[PDB]
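> experimental structure and sequence below.
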Amino acid sequence: XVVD
Amino acid sequence: XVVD
Amino acid sequence: XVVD
Amino acid sequence: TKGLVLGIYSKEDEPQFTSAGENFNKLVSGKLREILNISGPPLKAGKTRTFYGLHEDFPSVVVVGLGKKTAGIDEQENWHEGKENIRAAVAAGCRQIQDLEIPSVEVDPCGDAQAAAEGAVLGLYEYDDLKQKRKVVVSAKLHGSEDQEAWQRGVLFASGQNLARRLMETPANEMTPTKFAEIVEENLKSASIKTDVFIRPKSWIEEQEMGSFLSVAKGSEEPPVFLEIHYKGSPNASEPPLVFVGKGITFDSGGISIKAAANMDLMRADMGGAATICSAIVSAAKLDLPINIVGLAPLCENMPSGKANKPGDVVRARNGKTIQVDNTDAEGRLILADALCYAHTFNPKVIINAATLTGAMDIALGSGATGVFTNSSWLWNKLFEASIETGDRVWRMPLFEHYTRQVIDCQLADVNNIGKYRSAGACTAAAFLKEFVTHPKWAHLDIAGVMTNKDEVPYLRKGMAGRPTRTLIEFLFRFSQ
Amino acid sequence: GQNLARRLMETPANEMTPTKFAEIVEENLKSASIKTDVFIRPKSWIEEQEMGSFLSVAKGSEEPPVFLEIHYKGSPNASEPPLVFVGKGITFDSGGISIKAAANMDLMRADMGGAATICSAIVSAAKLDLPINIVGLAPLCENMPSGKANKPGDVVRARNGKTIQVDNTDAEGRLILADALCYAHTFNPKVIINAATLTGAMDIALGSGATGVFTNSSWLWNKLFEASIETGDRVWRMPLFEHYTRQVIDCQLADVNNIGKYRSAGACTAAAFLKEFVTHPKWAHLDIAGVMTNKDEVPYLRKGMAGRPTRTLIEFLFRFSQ
Amino acid sequence: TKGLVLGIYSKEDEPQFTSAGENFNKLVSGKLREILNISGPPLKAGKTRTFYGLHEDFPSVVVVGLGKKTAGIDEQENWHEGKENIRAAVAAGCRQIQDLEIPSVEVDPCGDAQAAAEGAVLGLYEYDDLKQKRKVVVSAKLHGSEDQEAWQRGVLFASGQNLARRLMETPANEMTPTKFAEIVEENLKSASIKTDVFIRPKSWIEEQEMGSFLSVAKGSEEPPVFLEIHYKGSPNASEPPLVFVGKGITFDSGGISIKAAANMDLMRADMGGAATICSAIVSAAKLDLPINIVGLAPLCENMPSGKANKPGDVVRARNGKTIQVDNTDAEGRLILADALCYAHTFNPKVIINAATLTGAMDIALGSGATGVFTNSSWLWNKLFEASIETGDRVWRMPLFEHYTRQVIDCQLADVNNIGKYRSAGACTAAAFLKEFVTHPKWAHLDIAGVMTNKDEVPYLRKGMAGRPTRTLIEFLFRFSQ
Ligand SMILES: [Zn+2]
Ligand SMILES: [Zn+2]
Ligand SMILES: [Zn+2]
Ligand SMILES: [Zn+2]
Ligand SMILES: [Zn+2]
Ligand SMILES: [Zn+2]
């Protein structure tokens, strides 16, 4: 998982 | 425009 | 309702 | 025609039915006992099982697990446990009849008709009015003729709570200051003609020098209302009253100290202090309790605008003290400063205010019991004992000078509306209110952790819980006897 | 046709208000053809039209709402059913009480980019004098915080009788479009195409490379997609599955909630909200929020409001008319 | 002895039973039809009703609503709707038998034994192993002898998925790189002896110059493993294989670009790319599909330490390109850079990688379909058509040069492991992988929005969903025929  |  |  | 909710306890030789259940089994010549045995593992408490076509009249019969027959006051939990067993069990049974789309149900009294009626009328409530997509409205009646006034005492207590849940759940654009006062007004007059309502306008509030309350209401174009209710229940009209005070913010956006978007819709229930105490006066009057009670509720919205309260402003309370309004989202404090000075006018025996005041009460106890700050252990004890009974628990919180201190050191003014720290958030806000109270029997109930139900109280569906309206009604009943 | 849209979008909202926007489109449509009619419908009309969901958004501001209605009568027979276009016209989106963060909220002057795009394409269809009938519908208001703005939790009634819980005041496009999309069925359309700078989630998604189109019509999908090959102003399909309807249909006080319980599929949930207000078989929702702006990505556009996808829309009408 | 799940469709004159249901009604001489009528409103799809003591052998009989008999491919939803009706209905029926604590159930084939077995084996799964407090393990069998290999094809497809759900759900301290490789290894050999497993150690990975994968694994003391699986299913051993690649981060904390505490426990499922593709190879081998398949999965943890990857570091991939590691929480990209270059070694027909890659895919489609980025519309079409069948939907996403660009402009290096913007988060990460792929038939399936189930897929309980393992198995089946 990076976030956004 | 809500954000996400 | 203040928060905490 | 209809449905039937039936109870059973946990084992003896055979788990035993309520005498209504035993009677019904005899009536269908042992068929209930037989189908229960065939259906498998016994029903533990709160759990349910439905049996079709056992009787021509009850084509759906729901058997509910009531747990131990002799369950009483639990020292650890501080409630009658049997009453709580029964509320959850006939709530679950009743919602099973409703999912069967059956419009009527006969409910087993379960040895305590009052707790049986509370589980069914509380457990079946929703607030359906604005959805065109609704559940069947079921009509719950007592299965029998024997214990009638206890069942109707339950219907009374639970409808007093469901009024509060409806006052709270309604979107703030429909439940404005005027609207709220008008629904309470009608609900109080239908309960008894020994009532008087005063839906006091802005001009009265101005005349009453309630500048702290007025400071909060100014940012909105929605008009403030100061609601004043009287129930004249004593034989002598000159008996000093019990006064109740409640926060009536119909929507709390925070104002200039604006709230975050996430879930600020629940702030439509920031008039839950005014809903709770007003529902209990309506129920005291319905119960026609032999006491005099005044209900006081400042009602306004807290909005941001070109005329809202600004952080740093100093406003004067009715009692002459100045408040520095450092945070605009500590508005309950302000509304209540003025309403609590006004309560001393009535020459009360007791002053009880309620309020969805701080999120810190929610972090604290928040959810399991409403916090009560009182300078009166007599009053603490009264509310606590009523709480055992209703099962709608109350827990004491400190009204120590240490907290007064954090609210008394103040740059421009006599009192600051928020403490320098995050620490003891509900005790500092309680300390602010005491600054406006000289009375010896005062309780502040901070209702913010019990504003909502999700799953915790079994007999309440998801949404505004209307807590603790029944502990309040029970308190008045016992106080009147 | 595209540069009109870029100018309608780029202009500071204090100059490009509801009245101003309707007045520039009005003149641009009449210069294109006298086979036109403009109706810059005031608040009293919108009130009479029971567009309570749109009115709920416009109330927080002192800037007056306008419901713009454009007609281009291009067919030989006046009784030919029209193609209708709908567009979000928020002239500035501050979020209202569910207020936006300061950083770069100036780009919200372009939250009327749904109304700019579709209105520019009607102006260009009329200039091209395409042999079709087209109605242009655009609710125009600002979304401001005030002592009378929409509050989180409020239930408002759409034209079609459904109630909306307004849980978040910054999901106002949904609301404005609930009412304008019910109104589009009045015209007895062949196609209903709405466009909108609707969600930041479309920007996280495709956001930038293609505008997302949610359609119950693969025929219509195919039409827009083929026009997109030509113009180079690309379009990409997104799911209009019941799963998303569900997250917007479970709602405490009301029939529909204006925001989903989760962050997940942010543009698909907002598309599911609009479908609740659409019975038509040929409907496309184009969420234009990731293509609102250009920096360097489209070589032939300088930095600023891109006016996308106005040419894919004009191409679609050309081919549809032939 | 046991329970029985029975189906019924929505009205004709009387809603009609499955022929198994009609048979059973005849068997109890119309008693099922009669008790259904007495019980009230008809069963819509997915809904359930339980009937006790209709037959000596089935003391609990659950009738499940199957919706319309003739429901087929829905153009709007892109799935077979009947298959989806049946999965949800016999999952709900089976969990009702389990709540009755009944250990065995006979399940109605419902006109599609494969979809009936998928609802029951998927719907009854939990991952119970570490709680001492468990539900009765029920044994689900087919009600009949007629359509047996379809029911067992369902058991196969659903157990292939439940392996993935168990590989994913297990806490990362038990499901480490070595542990994961060892469970897949045993599961692949039990499926067929036409298999070979290579649990390649750090020294091999080093020899293979997989510096981008090694850069991620170094911050942890847990050893990396490069898992290599072969299923030799073709008659000719020299047939070029289909290769699958999967991200195997056994826990993603982000490393030095550390993650927020809230719900970072779900990152134990960041090896869901390796779980999904490895479960499908295990199921292809169980199905003994006539194809050759290689399974490739880099397995490591991503931890912060005194030797972890630092933001800004440049590491060299197997293919010689340098990556600037600007964000340490974009590690899937890195692990996959090396595993995808390695896939070209096998001389594949197809390269399919899967990965819980970006939270942006979750914001996108996230939840309703897994995103597939492919340079091959032939391959897109294959996966999409398999998706209609399984009901575990797939949706295409852009593999445009525009996104390559945002990942190619890079200060120190050839590729940057994150784009300058938040925009198109899953398309930029797809653009990064294409930089490491020369093959003409490549699909990247970003599985991050379908990692978890809450309520959305009816026949899956709450927790790791193991999606899309069945669309992948279906794809291989059809590809082999
Ligand atoms: Zn990861
Ligand atoms: Zn907007
Ligand atoms: Zn408040
Ligand atoms: Zn407040
Ligand atoms: Zn907005
Ligand atoms: Zn990561």
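Structure's in. What do you need? Residues are numbered from 1 along each chain as shown, chains lettered A, B, ... in the order given. Ligands and ions are numbered 1, 2, ... in the order given.

> looking at it, residue D:273 is touching residue D:246, isn't it?
Yes: counting by Cβ atoms under 8 Å, residue D:273 sits close enough to residue D:246 to count as a contact (3.8 Å). C-beta coordinates here come from the backbone N, C-alpha and C atoms, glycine included.

> which neighbours do these two share?
D:297, D:353, D:354, D:355 (Cβ atoms under 8 Å, 6 or more residues apart in numbering or on different chains).

> residue D:454 - how many residues pack around it?
11 (other Cβ atoms under 10 Å in any protein chain shown).

> which bits of chain D sit near ligand 2?
In this structure, chain D does not approach ligand 2 anywhere, judged by Cβ under 5 Å from the ion.

> which segments of chain D make up each domain?
Domains of chain D are assigned by curated CATH domains as D:1-162, D:163-480.

> mind checking the SS state of whatever residue of chain D ends up closest to ligand 4?
Closest to ligand 4 within chain D is residue D:329: 3.6 Å, counting by Cβ to the ion. Three-state assignment for residue D:329 (DSSP: H, G, I helix; E, B strand; the rest coil): coil.

> which one is it nearest to, not counting chain neighbours?
Computed as Cβ to Cβ, 6 or more residues apart in numbering or on different chains, the closest residue to residue D:329 that is not its neighbour in sequence is residue D:254, at 3.7 Å.

> ranges for the helices of the stretch 101-250 of chain D?
Counting by DSSP state H, counting those that start in this stretch, one finds helices in the stretch 101-250 of chain D at the ranges D:113-124, D:148-169, D:177-191, D:202-207, D:211-217.

> most packed of those?
helix D:113-124 (a mean of 28; mean count of other Cβ atoms under 10 Å in any protein chain shown).

> for that one, which helices and strands make contact with it?
Counting by 3 or more Cβ pairs under 8 Å, 6 or more residues apart in numbering or on different chains; DSSP states H and E, the packing neighbours recorded for helix D:113-124 are helix D:81-99, strand D:104-107, strand D:139-142, helix D:148-169.

> same list (those) but as TSV, adding distance to residue D:127.
Formatted as TSV, the helices and strands packed on helix D:113-124 follow (distance: least, Cβ to Cβ, whole Å):
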stretch	distance to residue D:127
helix D:81-99	15
strand D:104-107	20
strand D:139-142	17
helix D:148-169	4
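
> could you dump these to JSON lines with distance to ligand 5?
JSON lines is the format used below for these (distance: least, Cβ to the ion, whole Å):
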{"stretch": "helix D:81-99", "distance to ligand 5": "38"}
{"stretch": "strand D:104-107", "distance to ligand 5": "46"}
{"stretch": "strand D:139-142", "distance to ligand 5": "44"}
{"stretch": "helix D:148-169", "distance to ligand 5": "26"}
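
> so which of these is nearest residue F:94?
For residue F:94, the closest of these is helix D:81-99, at 19.8 Å, according to Cβ to Cβ.

> could you pull out the buried residues of that closest one?
D:81-98 (16 or more other Cβ atoms under 10 Å in any protein chain shown).

> go on, stretch D:239-249?
Across stretch D:239-249, burial judged by 16+ other Cβ under 10 Å covers D:241, D:242, D:243, D:244, D:245, D:246, D:247, D:248, D:249.

> likewise for stretch D:224-231?
For stretch D:224-231, the buried set under the neighbour-count rule, 16+ other Cβ under 10 Å, comprises D:224, D:225, D:226, D:227, D:228, D:229, D:230, D:231.

> and for stretch D:349-357, what's in contact with it?
C:1, D:240-247, D:269-270, D:272-273, D:276-277, D:332-333, D:336, D:339-340, D:343-344, D:370, D:379, D:426, D:429, D:433, D:437, D:439, D:441-448, D:451, D:472, D:479.

> chain F contacts on the stretch 51-200 of chain D?
By the rule Cβ under 8 Å from any Cβ of the partner chain, the part of the stretch 51-200 of chain D lying against chain F is D:51, D:52, D:53, D:59, D:60, D:100, D:101, D:102.

> tell me the SS of residue D:395?
Residue D:395 falls in the strand class when you classify it by three-state DSSP.

> ok, the nearest residue to it once chain neighbours are set aside - contacts?
Excluding its sequence neighbours, the residue lying closest to residue D:395 (Cβ to Cβ, 6+ apart) is residue D:369, at 3.8 Å. Residues in contact with residue D:369, defined by Cβ under 8 Å, 6+ apart, are D:387, D:393, D:394, D:395, D:449, D:450.

> who wins on neighbours among these?
Scoring the contacts of residue D:369 on neighbours with other Cβ under 10 Å, the highest-scoring entry is residue D:450 at 30 neighbours.

> number of nearby residues for the closest residue to that one other than its chain neighbours?
Nearest residue to residue D:450, sequence neighbours excluded (Cβ to Cβ, 6+ apart): residue D:467, at 3.9 Å. Per other Cβ under 10 Å, the neighbour tally for residue D:467 reads 31.

> please apply the same query to residue D:334.
Residue D:334 has 29 neighbours, counted by other Cβ under 10 Å.

> quick check, it in a helix?
Yes: according to three-state DSSP, residue D:334 belongs to a helix.

> quick check, it in contact with residue D:327.
No: distance between residue D:334 and residue D:327: 10.5 Å, which falls outside the contact criterion (Cβ under 8 Å).

> what do these two both touch?
With Cβ under 8 Å, 6+ apart, residue D:334 and residue D:327 have common neighbours residue D:417.

> counting by contacts, list what the helix or strand where residue D:62 lies packs against.
Applying DSSP states H and E as the criterion places residue D:62 in strand D:58-65. Judged by 3+ Cβ pairs under 8 Å, 6+ apart, strand D:58-65 is in contact with strand D:3-8, helix D:31-38, strand D:48-55, helix D:81-99.

> so what secondary structure elements neighbour the last one?
For helix D:81-99, the elements it packs on are strand D:3-8, strand D:48-55, strand D:58-65, strand D:104-107, helix D:113-124, judged by 3+ Cβ pairs under 8 Å, 6+ apart.

> taking strand D:3-8 as reference, get the angle to that helix.
Angle, helix D:81-99 to strand D:3-8, by axes from the mean of the first three to the mean of the last three Cα atoms, to 10 degrees: 150 degrees.

> helix D:81-99 to strand D:58-65, inter-axis angle?
Using the same axes, to 10 degrees: helix D:81-99 against strand D:58-65 is 150 degrees.

> with just CA atoms, put helix D:81-99 into CSV.
Output of helix D:81-99 as CSV, limited to C-alpha atoms (Å, rounded to 0.1, in the frame of the first residue of the first chain):
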residue,chain,number,x,y,z
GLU,D,81,-30.0,-6.9,35.5
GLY,D,82,-33.3,-8.7,34.9
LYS,D,83,-34.9,-5.4,33.8
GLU,D,84,-32.0,-5.0,31.3
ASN,D,85,-32.4,-8.7,30.2
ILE,D,86,-36.1,-8.1,29.4
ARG,D,87,-35.6,-4.8,27.6
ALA,D,88,-33.1,-6.3,25.2
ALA,D,89,-35.0,-9.6,24.7
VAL,D,90,-38.5,-8.2,23.9
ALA,D,91,-36.9,-5.4,21.7
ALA,D,92,-35.2,-8.2,19.6
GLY,D,93,-38.4,-10.2,19.6
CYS,D,94,-40.5,-7.2,18.5
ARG,D,95,-38.1,-6.3,15.6
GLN,D,96,-38.3,-9.9,14.3
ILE,D,97,-42.2,-9.5,14.0
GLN,D,98,-41.6,-6.2,12.2
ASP,D,99,-39.2,-7.9,9.7
